[PDB]
Amino acid sequence: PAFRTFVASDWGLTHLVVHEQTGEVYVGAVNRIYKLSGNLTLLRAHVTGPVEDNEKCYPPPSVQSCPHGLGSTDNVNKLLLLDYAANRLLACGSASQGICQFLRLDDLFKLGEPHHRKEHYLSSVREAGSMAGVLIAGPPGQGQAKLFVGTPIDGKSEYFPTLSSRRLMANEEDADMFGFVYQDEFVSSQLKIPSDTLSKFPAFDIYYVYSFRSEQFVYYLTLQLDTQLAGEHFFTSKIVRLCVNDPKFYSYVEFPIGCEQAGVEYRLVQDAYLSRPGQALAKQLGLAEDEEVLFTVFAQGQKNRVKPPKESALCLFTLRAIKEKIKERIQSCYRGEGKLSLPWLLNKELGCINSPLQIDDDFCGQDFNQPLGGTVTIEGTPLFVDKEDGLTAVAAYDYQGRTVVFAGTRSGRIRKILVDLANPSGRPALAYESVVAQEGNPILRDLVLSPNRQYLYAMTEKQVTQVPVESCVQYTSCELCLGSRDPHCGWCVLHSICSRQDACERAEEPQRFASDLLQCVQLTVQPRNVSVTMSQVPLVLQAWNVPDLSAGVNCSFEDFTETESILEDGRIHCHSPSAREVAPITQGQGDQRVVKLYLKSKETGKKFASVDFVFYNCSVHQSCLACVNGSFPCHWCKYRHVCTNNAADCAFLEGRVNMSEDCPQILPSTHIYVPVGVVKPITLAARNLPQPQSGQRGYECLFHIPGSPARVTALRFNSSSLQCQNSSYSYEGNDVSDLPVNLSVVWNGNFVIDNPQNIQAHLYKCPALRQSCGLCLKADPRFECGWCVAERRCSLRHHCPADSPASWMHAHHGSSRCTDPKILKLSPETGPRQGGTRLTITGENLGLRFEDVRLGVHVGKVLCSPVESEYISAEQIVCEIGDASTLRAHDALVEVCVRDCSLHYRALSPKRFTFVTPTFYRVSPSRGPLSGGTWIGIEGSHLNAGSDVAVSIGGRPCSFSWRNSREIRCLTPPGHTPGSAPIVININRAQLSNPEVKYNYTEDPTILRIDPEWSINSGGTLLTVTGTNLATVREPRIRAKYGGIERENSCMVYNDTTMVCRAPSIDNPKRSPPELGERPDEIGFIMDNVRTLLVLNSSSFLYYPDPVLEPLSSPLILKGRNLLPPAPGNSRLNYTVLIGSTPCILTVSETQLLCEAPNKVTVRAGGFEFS
Ligand SMILES: *[C@@H]1O[C@H](CO)[C@@H](O[C@@H]2O[C@H](CO)[C@@H](O[C@@H]3O[C@H](CO[C@H]4O[C@H](CO[C@H]5O[C@H](CO)[C@@H](O)[C@H](O)[C@@H]5O)[C@@H](O)[C@H](O[C@H]5O[C@H](CO)[C@@H](O)[C@H](O)[C@@H]5O)[C@@H]4O)[C@@H](O)[C@H](O[C@H]4O[C@H](CO)[C@@H](O)[C@H](O)[C@@H]4O)[C@@H]3O)[C@H](O)[C@H]2NC(C)=O)[C@H](O)[C@H]1NC(C)=O
Ligand SMILES: *[C@H]1O[C@H](CO)[C@@H](O[C@@H]2O[C@H](CO)[C@@H](O[C@@H]3O[C@H](CO[C@H]4O[C@H](CO[C@H]5O[C@H](CO)[C@@H](O)[C@H](O)[C@@H]5O)[C@@H](O)[C@H](O[C@H]5O[C@H](CO)[C@@H](O)[C@H](O)[C@@H]5O)[C@@H]4O)[C@@H](O)[C@H](O[C@H]4O[C@H](CO)[C@@H](O)[C@H](O)[C@@H]4O)[C@@H]3O)[C@H](O)[C@H]2NC(C)=O)[C@H](O)[C@H]1NC(C)=O
Ligand SMILES: *[C@@H]1O[C@H](CO)[C@@H](O[C@@H]2O[C@H](CO)[C@@H](O[C@@H]3O[C@H](CO[C@H]4O[C@H](CO)[C@@H](O)[C@H](O[C@H]5O[C@H](CO)[C@@H](O)[C@H](O)[C@@H]5O)[C@@H]4O)[C@@H](O)[C@H](O)[C@@H]3O)[C@H](O)[C@H]2NC(C)=O)[C@H](O)[C@H]1NC(C)=O
Ligand SMILES: *[C@@H]1O[C@H](CO)[C@@H](O[C@@H]2O[C@H](CO)[C@@H](O[C@@H]3O[C@H](CO[C@H]4O[C@H](CO)[C@@H](O)[C@H](O[C@H]5O[C@H](CO)[C@@H](O)[C@H](O)[C@@H]5O)[C@@H]4O)[C@@H](O)[C@H](O)[C@@H]3O)[C@H](O)[C@H]2NC(C)=O)[C@H](O)[C@H]1NC(C)=O
Ligand SMILES: *[C@@H]1O[C@H](CO)[C@@H](O[C@@H]2O[C@H](CO)[C@@H](O[C@@H]3O[C@H](CO)[C@@H](O)[C@H](O[C@H]4O[C@H](CO)[C@@H](O)[C@H](O)[C@@H]4O)[C@@H]3O)[C@H](O)[C@H]2NC(C)=O)[C@H](O)[C@H]1NC(C)=O
Ligand SMILES: *[C@@H]1O[C@H](CO)[C@@H](O[C@@H]2O[C@H](CO)[C@@H](O[C@@H]3O[C@H](CO)[C@@H](O)[C@H](O[C@H]4O[C@H](CO)[C@@H](O)[C@H](O)[C@@H]4O)[C@@H]3O)[C@H](O)[C@H]2NC(C)=O)[C@H](O)[C@H]1NC(C)=O
Ligand SMILES: *[C@@H]1O[C@H](CO)[C@@H](O[C@@H]2O[C@H](CO)[C@@H](O[C@@H]3O[C@H](CO)[C@@H](O)[C@H](O)[C@@H]3O)[C@H](O)[C@H]2NC(C)=O)[C@H](O)[C@H]1NC(C)=O
Ligand SMILES: *[C@@H]1O[C@H](CO)[C@@H](O[C@@H]2O[C@H](CO)[C@@H](O[C@@H]3O[C@H](CO)[C@@H](O)[C@H](O)[C@@H]3O)[C@H](O)[C@H]2NC(C)=O)[C@H](O)[C@H]1NC(C)=O
Ligand SMILES: *[C@@H]1O[C@H](CO)[C@@H](O)[C@H](O)[C@H]1NC(C)=O
Ligand SMILES: *[C@@H]1O[C@H](CO)[C@@H](O)[C@H](O)[C@H]1NC(C)=O
């Protein structure tokens, strides 16, 4: 669907209203007033606009000449009011001291526009919507039509009244128009701004936002100025009221109004809307039918009425409660208590006069205690609060009891709120949000429901938009329909659509319309699963929450088929489709097809209720396991080797598989070891192996070796054992010793028996991976592969000659010492004398158990204890060295004795392990910031010793980087308190100290001033920076974030207070700085871990754009644009014009360069060059 819309072709719009009979929509705008159809087609356009005029002029140029210069100005529609009684439209403008227009209702024919007298002028004010009011009428001949109207004044106190009661004559040409209801030389039916109050508070003014007639009164929601809150302007939002039948204007009342949400103040009205609550909200808010209610919108605080805050709150007032606050306040002043308290009106405070009276809601004011104010600000019940997108407008309405609220947003969005405080729920909940002018055109206060209350016309600055109160048809499913909750929506069961009660035919009948999710259609089928091979199966259907279907029903499995059904009890009986029909579906989807079986109602002819219905196909299973041990009833035929639903389709009786444990499958034995190039048989076990039948061949073993696949015929001995015949196997590579290979056991050529455990054959070669005795006896005892002394290589007994009865050696259980251990290399080459070092020895022909190498390892004399977990048998020993303090030697060779220190079974390291004692004497900054992050350079001797290193400053750990013989470099942690700190370095079990070498933590540096407060796009200019403790950071640098890019540049520290910095380049091909200048997203300095200096909140640093230069005894003159920027202070570019290498003395001007020449020319300024 699309939202019906009227676009504002040229100008902004201001007001909208709907005619209660026709549904015609009238639209006030700047310079225009439109009549529109219900669907927002243009019907008629009135020009009201651009008028030659001037605001300063009293009576406008028409009546008297004005000395002030006139110009073509825009006429803003300030107000718009439907006068149904006199078949017309009051269309009050501005820009003529506020003269009012009368347009005829059905064609916009100007009936009248009075502007001779002073009353025909309303206000100079050129602001839209700061005005409001109501039209009230009696029958012709009686007390005639009146207009109550508030407007701002702009300080023109003596020209215009802010609030007035004015006359509406039947003749638009009649001069009496907009004259006051009762005028006297003492009191007139108007209320003026006192001159004394404008002298005191310069630009006090009353802005009227909303207005409505209620019972017998007239209310206004207003904004005023600081008068007990010269200074600055802060506003107070108030309610005003009058009796309709009070020509004297004595009934005037004025209470401050707002509401609070968790200690946050909302005191600025943006809009309101008087309404009903309907049965729902009325009851639990405690009201009678015709009792009224006022929805409102407030912004946070009391700041900036011209441009309010995003923070906004929708509150609520019951009029009975405001009526009680006013009655309570009047029955209080008629007790003589306190003053009237109305700052702007009465400057000197007159007192409350006591008197005996029957104070009623019918009270219309009296002569003494006069116009009066309000002390107790009236608090409202909060409903919904937007924090990211400010509310702008509101409306509400009664729907079948439930109270729907409409809320415009600054974004151009409308919210559809059920108010549920009086309703069961925890608090009033948003139901739905909708889009009007998505780009961010705000919605305006004038937001009216249609007469039929089917739509809601939503006005923006630039477009009117017909938003339906209901569009439930976007909801596809009963479950989503009633899930949205926006109360207009119900599921019209038999039409399978989502819409309102009045739109669902026959909804009034039983179960035909669903309103709570529990009413949703629930369906079940008895035979949920039906086989492809079956046909016309009887199915029973149970359905609940469904109307009387005695109209008739069909079953449609999808848009493929449709079978007739008959009704009995609370059940529906229909048949499955034919095999001829079923397969057209299942073809392609294989294993199974889940299909949504619907019910098609005869009355509607639309599918409404559904179920998961399964069409299973046994035949497509191509193995016993899939067939039986699947999820379905399927039978496997051992002999035909096919899966099917029918027992009889099997070969014969004794070949039917119904149980998964009875399947043809290969069972595992202890691993199948196969040496390459050796004639071997491979016996297998299995279960229920078939006797090959008529015209059927015997068994084979197929080996899936990528290099060569071997086909070897086999013999089936019984239902439980196989054997491939004497053969040898190979693969071409010599790359991997142990290759596991997929084998498939076949019979009758292509029938592959099932392999559940996926049993493999391991093809092993005698080592192409092991040229060391220790490596062979290390590998599987299964391979049978062993080490053969004489050859100096390793192969089976098979492949090695027995010249001695013990010439071929195999690790019996691992009780096999391996001759000639050798050490290749060992890590840490150095270590501390104290020990604790983890020595990492890597050899080739070591022992095969740990408990033999344990006790074997020694470093010269020093006993070394080996580690279990970190020991990799006969390749690697990890060993922990003991205390070597007592050793005389400085360095010693490493020794391993395999089990016994026998003369052939000992290894000695090729180069020797060195003992030292590392020392340190200097640190290369000795100072650094408390936050830390300083690159420290500890100098000493033997610093690269051992395994682990840990540096601790104040007990807190340093982040390590790299190690050297002479240097340790690490990054400092944050210090607890500033000053001297101990440096503790521990290498393994050695903990070395020096109290003469300390580290001094320094108070965090500060940045005060950058001097020039600017630079160009490519940067590179000098910046004279000032602050504190700047010598405590060795390498500080400037940081700047422009757009999505972050960039850095260098600094040179001079004093503890002074620093020269080279400005960061922000060169971005996406954004260029404007001629005016631009602040970066972030600007700061990188100083170790002091992170508060990375981002500068107070900084006003600006970036200007990068010079334009024109090419080809008298002096040189070089012309061009952008030579000098509009920069603060003196600060300008240090230009240098050079010739081959010689610089000149030049005076720089804004368009020209005055170099001096004696007769290849290069101009330089920072990092800029041009020829
Ligand atoms: C439920 O699902 C089943 C199974 O998924 C399915 O039945 C299939 O129906 C379609 C028809 O649309 C068949 O597909 C066509 O096959 C045409 C030729 O079929 C020959 O080859 C068959 C395949 O042999 C394979 O499977 C066996 C066992 O697993 C395996 O050992 C082999 O190595 C091999 O991989 C073979 O089964 C078939 O023999 C059947 O028919 C005879 C006579 O009725 C019967 O006695 C046998 O018992 C057996 O059922 C036959 O020899 C072929 O023309 C065609 O291929 C063309 O089109 C495609 C697509 O456009 C191209 O890609 C291709 O290049 C060709 O141009 C097509 O593939 C399929 O064979 C059936 N499946 C089986 C197992 O028979 C049904 O949809 C469902 N059942 C019902 C009742 O609805
Ligand atoms: C640690 O060292 C740092 C830096 O190394 C040092 O900071 C400077 O200290 C020197 C003195 O040692 C000061 O220089 C003196 O300035 C006297 C006149 O000041 C005027 O001129 C200043 C320099 O102009 C240069 O820089 C500008 C801007 O970069 C540039 O446009 C020019 O082309 C020119 O190269 C100028 O900055 C200064 O403006 C300051 O004051 C204003 C207003 O109060 C303020 O708003 C600014 O923020 C700015 O600070 C002003 O216009 C000058 O008389 C004096 O010359 C005497 O001394 C020399 C050498 O000893 C003698 O030969 C000679 O006979 C004179 O007696 C000298 O040139 C300079 O002011 C300091 N800089 C700053 C930024 O304050 C710190 O003092 C040292 N810190 C500590 C703690 O010891
Ligand atoms: C395929 O569709 C079928 C629709 O028929 C689904 O079958 C139903 O499956 C559920 C469980 O998945 C069963 O519910 C259970 O009922 C148990 C009691 O079972 C007895 O009572 C059954 C009805 O009164 C009766 O059918 C059943 O007899 C069965 O077993 C006999 C012996 O093996 C056999 O000879 C008969 O032919 C028959 O199959 C028992 O006497 C109860 O203990 C459980 O707690 C559970 O509630 C339904 O009973 C099944 N319906 C039928 C008609 O058998 C099936 O789920 C679908 N398959 C898949 C994979 O989804
Ligand atoms: C570890 O580092 C800190 C910080 O860098 C070292 O303290 C600094 O020592 C240097 C020496 O180079 C001082 O500079 C000298 O200051 C002498 C006079 O000091 C007074 O005047 C200072 C500047 O006007 C003033 O800050 C300081 O007051 C400080 O101490 C007060 C009492 O403890 C304290 O309440 C204040 O807040 C303030 O921190 C002195 O009154 C002067 O004779 C020299 O001419 C030279 O300028 C710095 O002032 C010291 N800076 C700081 C921040 O304390 C400390 O010595 C280092 N530790 C070791 C063991 O070396
Ligand atoms: C101005 O606004 C009016 C309404 O404010 C509007 O005119 C209406 O149009 C609707 C359809 O948008 C019409 O309603 C129809 O009523 C007849 C019965 O007389 C039905 O047959 C119609 O049903 C059809 O449409 C259904 C929904 O699309 C289909 O499901 C169905 O199959 C039918 O095809 C439909 O309910 C109606 O005629 C008028 N309203 C009135 C009161 O006459 C119009 O959009 C706007 N016109 C202009 C000129 O701007
Ligand atoms: C509920 O179910 C009933 C029964 O299951 C079902 O009745 C079906 O009605 C249609 C008519 O709408 C029958 O189809 C006809 O059969 C003749 C042969 O006897 C065909 O020649 C016709 O097919 C032509 O028209 C089709 C549609 O335009 C074309 O697709 C086709 O090319 C032909 O030109 C004719 O339609 C059908 O036989 C029965 N079904 C069965 C199983 O007999 C009905 O749809 C449902 N009832 C209601 C009230 O909706
Ligand atoms: C099905 O047939 C299989 C294979 O033909 C039979 O497995 C065989 O079981 C016999 C025991 O009778 C094993 O014989 C043994 O051999 C060793 C020789 O090293 C000998 O020392 C023992 O005295 C014993 O005779 C034989 O290894 C094994 N066959 C193969 C090929 O490994 C099985 O008995 C039959 N199963 C049923 C249920 O009938
Ligand atoms: C040797 O056999 C193994 C195991 O049988 C093969 O590896 C894997 O084979 C399985 C089949 O069981 C594949 O699994 C598949 O996974 C998908 C997941 O989407 C599933 O939909 C299928 O039903 C199936 O189970 C798996 O892809 C495959 N592994 C790899 C990495 O491809 C292996 O292919 C055989 N070796 C050689 C050399 O052929
Ligand atoms: C077969 O079913 C068994 C028992 O339910 C289960 O343990 C196993 O996962 C299934 N195996 C296969 C291969 O489907
Ligand atoms: C081949 O297998 C047969 C039967 O298992 C056996 O008698 C013979 O020893 C095997 N021959 C060789 C060379 O391995």
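Since chain A takes its numbers from Swiss-Prot, the residues it shows come out as 37-265, 271-1153, 1164-1210, 1216-1227.
From the backbone N, Cα and C atoms, a Cβ is placed for every residue, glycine too.
Following the DSSP three-state reduction, the secondary structure of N75 (N-linked glycosylation site) is coil. As annotated by Swiss-Prot, N-linked glycosylation site applies to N75 (among others), with the evidence given as sequence analysis.
Under the three-state DSSP scheme, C93 (disulfide bond) falls in the coil class. Feature annotation from Swiss-Prot assigns disulfide bond to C93-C102 (among others); the stated evidence is sequence analysis.
DSSP classifies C128 (disulfide bond) as coil under the three-state reduction. For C128 (disulfide bond), the same-chain residues lying six or more positions away in sequence with a CB closer than 8 A to its CB are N113, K114, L115, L116, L117, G134, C136, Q137, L158, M167, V185. According to Swiss-Prot, the disulfide bond annotation covers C128-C136 (among others), on the basis of sequence analysis.
Under the heading disulfide bond, Swiss-Prot lists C284-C405 (among others). In the three-state DSSP scheme, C405 (disulfide bond) is classed as coil.
Around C356 (disulfide bond), taking its Cβ as the centre, 25 other Cβ atoms fall within 10 Å, counting all chains. The feature disulfide bond is assigned by Swiss-Prot to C300-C356 (among others), with sequence analysis given as support.
The Cβ of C374 (disulfide bond) lies under 8 Å from the Cβ of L381, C393, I394, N410, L413, each of which sits 6+ residues away along the same chain. Residues or ranges marked as disulfide bond in Swiss-Prot (evidence: sequence analysis): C374-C393 (among others).
Per Swiss-Prot, disulfide bond is recorded for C513-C530 (among others), and the stated evidence type is sequence analysis. DSSP assigns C513 (disulfide bond) to a helix. Sequence-distant neighbours of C513 (disulfide bond) (same chain, 6+ apart, CB under 8 A from its CB) are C522, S525, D527, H529, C530, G531, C539, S540, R541.
Cβ contacts within 10 Å of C519 (disulfide bond), excluding its own Cβ and spanning all protein chains shown: 24. The disulfide bond annotation in Swiss-Prot covers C519-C561 (among others) and rests on sequence analysis.
Taken from Swiss-Prot, the feature disulfide bond covers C522-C539 (among others), and the record attributes it to sequence analysis.
Counting every protein chain shown, the number of other Cβ atoms lying within 10 Å of the Cβ of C545 (disulfide bond) is 20. If you look up Swiss-Prot, you'll see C533-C545 (among others) marked as disulfide bond, on the strength of sequence analysis.
The Cβ of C596 (disulfide bond) has 24 neighbouring Cβ atoms from other residues within 10 Å, across all protein chains displayed. Summarising the annotation, Swiss-Prot assigns disulfide bond to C596-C615 (among others).
The annotation N-linked glycosylation site is assigned in Swiss-Prot to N658 (among others) on the grounds of sequence analysis. For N658 (N-linked glycosylation site), applying a Cβ distance below 8 Å and a minimum sequence separation of six or more within one chain yields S572, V573, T627, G631, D632, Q633.
Taken from Swiss-Prot, the feature N-linked glycosylation site covers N670 (among others), and the record attributes it to sequence analysis. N670 (N-linked glycosylation site) falls outside any helix or strand according to DSSP and counts as coil. Long-range Cβ contacts of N670 (N-linked glycosylation site) within its own chain (separation 6+, distance under 8 Å): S701, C704.
A C-beta separation below 8 Å, combined with a sequence spacing of at least six in one chain, links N699 (N-linked glycosylation site) to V669, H676. What Swiss-Prot lists as N-linked glycosylation site is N699 (among others), and the listing cites sequence analysis.
Here Swiss-Prot flags 862-957 as domain 'IPT/TIG 1'.
The domain 'IPT/TIG 2' annotation in Swiss-Prot covers 959-1043. The domain 'IPT/TIG 2' (959-1043): residue composition by secondary structure is 0 helix, 45 strand, 40 coil, according to DSSP.
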**Between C545 (disulfide bond) and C102 (disulfide bond): CA-CA distance (Å)** = 67
**Asked** When you measure from the Cβ of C300 (disulfide bond), how many other Cβ atoms are you left with inside 10 Å?
**Response** 22
**Message:** I'd like to know which of these glycosylation sites, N1041, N1185, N1210, is least surrounded, judged by other CB atoms within 10 A.
**Reply:** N1210
**Complete:** Within 10 A of the CB of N75 (N-linked glycosylation site), the number of other CB atoms across every chain shown is 12
**Inter-residue C-alpha distance, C300 (disulfide bond) and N1041 (N-linked glycosylation site) (nearest angstrom)** = 57
**Request:** Just need one number: Cα of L1153 to Cα of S1164, in Å, whole number, across 10 unmodelled residues.
**Result:** 19
**Request:** Among the recorded positions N75, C93, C284, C356, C519, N1185, report those whose Cα falls within 10 Å of that of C533 (disulfide bond); none is a fine answer.
**Result:** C519
**Request:** Taking the Cβ of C615 (disulfide bond) as the reference point, list residues of the same chain whose Cβ is under 8 angstroms away and which are at least six residues distant in sequence.
**Result:** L580, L582, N595, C596, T604, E605, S606, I607
**Where the model skips 5 residues between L265 and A271, distance between their Cα atoms in Å** = 11
**Complete:** Among the recorded positions listed as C284, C356, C519, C545, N1185, the Cα nearest the Cα of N75 (N-linked glycosylation site) belongs to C545
**Message:** Please compute the Cα distance from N1210 to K1216 in Å; 5 residues between them have no coordinates.
**Reply:** 13
**Complete:** One of the recorded positions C93, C284, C545, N1041, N1210 has its Cα closest to the Cα of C561 (disulfide bond), namely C545
